[PDB]
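What follows is a short report on a single structure.
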Amino acid sequence: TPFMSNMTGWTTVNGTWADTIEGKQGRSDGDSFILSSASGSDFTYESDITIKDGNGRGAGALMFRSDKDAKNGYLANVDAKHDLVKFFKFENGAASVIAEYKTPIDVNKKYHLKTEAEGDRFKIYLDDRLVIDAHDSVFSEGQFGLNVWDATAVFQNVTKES
Ligand SMILES: OC[C@H]1O[C@](O)(CO)[C@@H](O)[C@@H]1O
Ligand code: NA
């Protein structure tokens, strides 16, 4: 098992998801999603994320407090195309952004993305540097997942602690 995670029940919502020696690979034009059967309310959730060459060289994301369809929930991402770390939400099937931090995000560079969620408060860390501290009260609990946007991206050491 080349994909390292402490979570299981990984079930594709859409896009294409496969395990490689670099970890779990997602690939789509636009947004796509894979959900774990694992669920949570307050937690730390993290992954190594690498944007590969291909598609639009866009983004890879943690997803959390997600509904069963990935139509509602929170994401934190690294976006190579836009040079952004975004904290955002889907609500009623569409995305809107809560906070975003500007920094160069390079293709083929491994980033460690960490989210700490506690009640309505979220702290997002990029390679251990705190970059976003935000509030949003829309979702309190749900499934963990992963997302890519206009990208091929690879996720490794995907872990939850609570
Ligand atoms: O940064 C990429 C992300 O940006 C969004 O357009 C939200 O602004 C999402 O659809 C996509 O996953
Ligand atoms: Na970039």
Side-chain angles (χ1 to χ4, degrees), residues 1-40 43-98 100-101 103-115 117 122 124-127 138-139 141-161:
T1 304
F3 171 59
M4 311 243 125
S5 179
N6 69 359
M7 319 170 49
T8 196
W10 292 99
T11 300
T12 293
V13 181
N14 64 340
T16 312
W17 295 91
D19 292 332
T20 70
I21 57 154
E22 347 165 57
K24 184 188 297 321
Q25 187 203 60
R27 181 176 40 79
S28 62
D29 294 323
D31 284 307
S32 63
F33 309 90
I34 190 176
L35 290 176
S36 170
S37 49
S39 57
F43 49 76
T44 297
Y45 183 34
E46 63 199 287
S47 176
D48 287 334
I49 304 174
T50 304
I51 315 306
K52 306 282 279 186
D53 182 48
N55 302 62
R57 290 178 144 216
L62 303 167
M63 187 164 192
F64 45 93
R65 294 187 187 173
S66 180
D67 81 0
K68 60 185 179 63
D69 301 303
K71 290 294 177 87
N72 293 275
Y74 291 120
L75 292 84
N77 79 4
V78 292
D79 185 330
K81 174 164 188 177
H82 304 115
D83 291 334
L84 281 174
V85 172
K86 294 184 180 174
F87 174 45
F88 65 106
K89 61 176 180 70
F90 275 88
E91 189 165 3
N92 301 326
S96 77
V97 181
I98 296 157
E100 59 198 79
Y101 170 78
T103 195
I105 298 292
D106 296 345
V107 174
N108 299 324
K109 187 71 137 68
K110 181 193 298 178
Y111 294 99
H112 192 77
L113 199 64
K114 178 188 223 176
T115 301
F122 306 83
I124 300 174
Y125 302 77
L126 179 70
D127 292 327
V138 179
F139 309 111
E141 58 177 26
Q143 281 166 81
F144 297 96
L146 296 172
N147 147 298
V148 306
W149 173 76
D150 264 19
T152 300
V154 56
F155 299 84
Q156 190 61 295
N157 308 299
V158 180
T159 58
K160 137 206 130 58
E161 66 195 0

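The residues of the chain are indexed from 1 along the displayed sequence. As a basis for the values below, the full set of heavy atoms in this structure was taken, side chains included, without hydrogen atoms, waters or symmetry mates.
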Report yes if the side chains of [X] and [Y] come closer than 4.5 Å at any heavy-atom pair, otherwise no.
X	Y	result
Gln156	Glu22	no
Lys160	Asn6	yes
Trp149	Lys86	no
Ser47	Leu113	no
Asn77	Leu62	no
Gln25	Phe3	no

Item to check | Evaluation steps, side chain to side chain contact (heavy atoms under 4.5 Å, CB included), between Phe155 and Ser5 | outcome: CA-CA 10 Å; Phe155 299 84; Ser5 179; over 6 Å; no

If you take all heavy atoms of [X] and [Y], which pair is closest and at what distance?
X	Y	result
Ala80	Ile51	CB-CG1, 4.0 Å
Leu146	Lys24	CD1-CD, 4.5 Å
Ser36	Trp10	N-CE3, 3.8 Å
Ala70	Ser66	CA-OG, 3.4 Å
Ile105	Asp83	N-OD1, 3.0 Å
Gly58	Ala151	N-CB, 3.6 Å

Can you tell me how far [atom2] of [Y] sits from [atom1] of [X], rounded to the nearest 0.5 angstrom?
X	Y	atom1	atom2	value
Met63	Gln143	CE	CD	9.5 Å
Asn157	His112	CG	NE2	8.0 Å
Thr16	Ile34	OG1	CD1	10.5 Å
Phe139	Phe90	CZ	CZ	10.5 Å
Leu84	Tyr101	CG	OH	11.0 Å

[Y] backbone acceptor or donor facing [X] side chain under 3.5 Å:
X	Y	result
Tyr45	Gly145	yes
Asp106	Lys109	no
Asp150	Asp29	no
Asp67	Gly73	no

Next on the checklist: What verdict does the side chain to side chain contact (heavy atoms under 4.5 Å, CB included) test give for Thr115 and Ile124, after you've listed the backbone C-alpha separation in whole Å, the side-chain angles of each residue and the deciding distance to 0.1 Å?
Outcome noted: CA-CA 5 Å; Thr115 301; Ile124 300 174; 4.1 Å; yes

Next on the checklist: Apply side chain to side chain contact (heavy atoms under 4.5 Å, CB included) to residues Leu75 and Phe33 and explain how you reach the verdict.
Outcome noted: CA-CA 11 Å; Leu75 292 84; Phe33 309 90; 4.3 Å; yes

Checklist entry - Which is it for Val148 and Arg27 under the side chain to side chain contact (heavy atoms under 4.5 Å, CB included) test, yes or no, and what are the steps along the way? => result CA-CA 7 Å; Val148 306; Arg27 181 176 40 79; 5.6 Å; no

Next on the checklist: Walk me through whether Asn55 and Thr152 qualify under side chain to side chain donor-acceptor pair (under 3.5 Å).
Outcome noted: CA-CA 7 Å; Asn55 302 62; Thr152 300; 3.2 Å; yes

Checklist entry - Any luck finding a side-chain donor-acceptor pair between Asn147 and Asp31 under 3.5 Å? => result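 Per modelled atom types, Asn147 and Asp31 side chains form a pair under 3.5 Å.
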
Checklist entry - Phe64 vs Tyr74 aromatic rings, parallel, tilted or perpendicular, using cut-offs 30° and 60°? => result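 Aromatic pair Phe64/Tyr74 classed tilted.
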
